[PDB]
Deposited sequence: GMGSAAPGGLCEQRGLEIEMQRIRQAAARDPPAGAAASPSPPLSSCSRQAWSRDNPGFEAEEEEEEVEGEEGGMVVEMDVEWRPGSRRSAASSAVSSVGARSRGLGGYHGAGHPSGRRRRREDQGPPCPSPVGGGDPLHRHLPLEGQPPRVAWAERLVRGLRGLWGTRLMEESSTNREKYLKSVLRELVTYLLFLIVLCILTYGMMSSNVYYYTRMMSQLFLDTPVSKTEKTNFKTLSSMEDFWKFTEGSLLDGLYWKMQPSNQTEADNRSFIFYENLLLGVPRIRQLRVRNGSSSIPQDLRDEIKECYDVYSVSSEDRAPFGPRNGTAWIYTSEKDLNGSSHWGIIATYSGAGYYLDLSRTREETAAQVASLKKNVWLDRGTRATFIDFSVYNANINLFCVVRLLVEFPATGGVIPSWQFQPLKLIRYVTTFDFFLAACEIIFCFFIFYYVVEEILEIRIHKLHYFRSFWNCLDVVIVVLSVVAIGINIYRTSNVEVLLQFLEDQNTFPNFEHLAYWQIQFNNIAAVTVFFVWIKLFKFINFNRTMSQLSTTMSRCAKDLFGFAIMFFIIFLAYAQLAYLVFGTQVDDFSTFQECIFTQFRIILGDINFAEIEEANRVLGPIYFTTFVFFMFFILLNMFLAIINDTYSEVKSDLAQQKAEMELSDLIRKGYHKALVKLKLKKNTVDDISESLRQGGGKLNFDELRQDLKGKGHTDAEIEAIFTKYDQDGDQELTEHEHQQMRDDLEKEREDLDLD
C-alpha cells in the first residue's frame, strides 16, 4: 500500500515539475514592463501638450477626437525609418495597419414622453443588437459610412463594461504614415463620424518586438452611454506567435508532448466519494480543455501567415488574443489545483494526519454557517446597491457592491464618498455593517473552528 501510493506519488511529482517548467517556460520574465511601457505611452500621456487629460480621462467626443488626432498618432509613429516604417520606443514595429470601428444605433424617436415631442426631438436608445443601426449614414463613400457584418468583417463579439458589442459596425483602416492617417481622421472629424447614435468605438492595432520575440495586441475601447459622456477602456495583450526560435523553445515543445503523455495516463487511472477523486477529475478536465485550446485554436497561426503575405492590411488578432487569455486563465487555475493535490501526500506525519481530519470535520459545520453568513452579507450588498450605486463608483454595480464589502471587512474603504452620497443611511450602513459583520459574525466562524478543532484533539488524545 505504501509503496503503491508511493508509486503514484512520484508520478505526481514528475507531473509537477513538467508543469512548473511549462509555466516558467511559456512565461517570459520581463513581459510586464513591455506592457507597462506601451500602456504609459498611450494611456498615460496628455492628449495634447496644452491639455491635461489622458486617454483614461476622456470625458467627451471632443476629448476623443483630440486623443485620436493627439497622443495616439504621436504614440503610433516615430522617426527614424523606411520611412514608411516606425518603431515605437524605437524598439517596436507597428505591425500592419491600425483600424477604427464604431457602433451606431437606429434612431430611437419611438420613445414617447407625454407630452413633449417637438421640444426634444427624437432620441437614441441604449445599445443592443436589435437597435443596431445598419443604415449607411453620411457621405457613404467608404467602410466608415457603410455598415458591414461581423461575418463579412472578420471579428468576434467583444464584451465591454456596459455591454457586449458585435464585431460588425462601421470601420476604417488607417495608413502607414502618421500624416495620411491624420488626413483620414480629420476627414472623419470634418464630416461628423461620431453622432448622437454612436454607442461605442474601437481602435485595434498590433505591435511586434524583435528584441524579445513577442506581439502586443491592443484594443482601445470607448463607450458612449445614452446618458452622454465617455467610458474608456483598454486592453494590451502580449502574444508569443512563433514558438520556435531558441533551442529552449524547442525543448519546451518536447516537454509539451511529454506533458501530453501524462494526462492521457491520468485519463486511464480516472476510469472506474471522494474529495480527492472529485479533485482529480477537475485537474484532468481543465488539462484537456487547456490542450484542446492550445491545439486547434491557438496553434492555428493562420492569420499571421496571411498577414505575413500582405503587411499593408489589418492583421486581425482579436481572437488569438482572446484565446490565449482563456488559455492563461485555464492554465493558471490548473497549476493552482495541481499544488493543492499535493496535500493528499502530506498525511505521513501524525500532526498532518491529525490536522487533515480536523479541517475535514471543520467543513460541515462551516458550510452551514457560511450560508447563514452570506444571506446577511448579500442583504447589505443589495441594500447598499439600492442606497448607493446611483452615486458611488464602488457600488455602481451589484457585483462590485459585493467586492466592496470585502474590502471593507479588510479595511480598504473610501468612507467620505459614502457619507457624501447619503448622510444618513451611509453612516448607518457602514456602522451597522462593520459592527455585526466584523465584530460578531466573523468571530462566529472562528468560534466554530475552535470547537471542532479542540474536540478532534480531545477525542484523538483519548486514543
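Q: Numbering from 1, run down the deposited sequence and write out every stretch that has no C-alpha in the structure.
A: Sequence ranges with no C-alpha atoms are 1-179, 260-265, 458-467, 659-756.
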